[PDB]
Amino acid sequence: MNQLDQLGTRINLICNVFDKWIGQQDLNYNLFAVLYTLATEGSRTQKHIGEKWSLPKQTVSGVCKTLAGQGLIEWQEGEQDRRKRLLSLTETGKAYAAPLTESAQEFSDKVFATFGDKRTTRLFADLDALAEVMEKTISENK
């Protein structure tokens, strides 16, 4: 079949597999996007989390409501609107995310065993290049 078809089926398969691993961590993709980013990158904005994990603002806002009510995250104080202020894991959040970061590193190590870092850097640059072409072609059509 067509290359686009070959790509589309593949990426959808692999995203589903990644979501399945997240499910094993007793989370969903949306919760993971917030929890994992803050655990690994430190303090980040809702905008950043949403752009990183390709989620709309409302998705991120929703998950942040729930996590903040569970006392797991907090927004840094400031004059800016809440949504623009830096989000951070609380102490309970850090404890809650510790297992997640560990099991992520574990899964990451098994998973990339056959790849070198040279190969993966290139694969990641390939995916980026792929995304760029696709976005640019889409922009043209708009």
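Residue numbers run from 1 along the displayed sequence.
field: Mean C-alpha temperature factor, higher of 111-119 and 51-59
entry: The deposited B-factors put 111-119 ahead on the C-alpha mean.
- [ ] With reference to the PDB entry, specify whether the mean Cα temperature factor is higher for 31-39 or for 70-78.
- [x] Per the deposited B-factors, the answer is 70-78.
TODO: Consider only the C-alpha atoms of the modelled residues in this chain, order them by B-factor as the entry records it, and name the third containing residue 2: lowest, middle or highest.
DONE: It falls in the top third of the chain.
Exercise. Check where residue 88 lands among this chain's C-alpha B-factors and tell me if it's the lowest, middle or highest third.
Key: CA B-factor rank for residue 88: highest third.
Report the third (lowest, middle or highest) to which the CA temperature factor of residue 45 belongs, ranking only the modelled residues of the same chain.
Lowest third - that is where residue 45 ends up once the chain's C-alpha B-factors are sorted.
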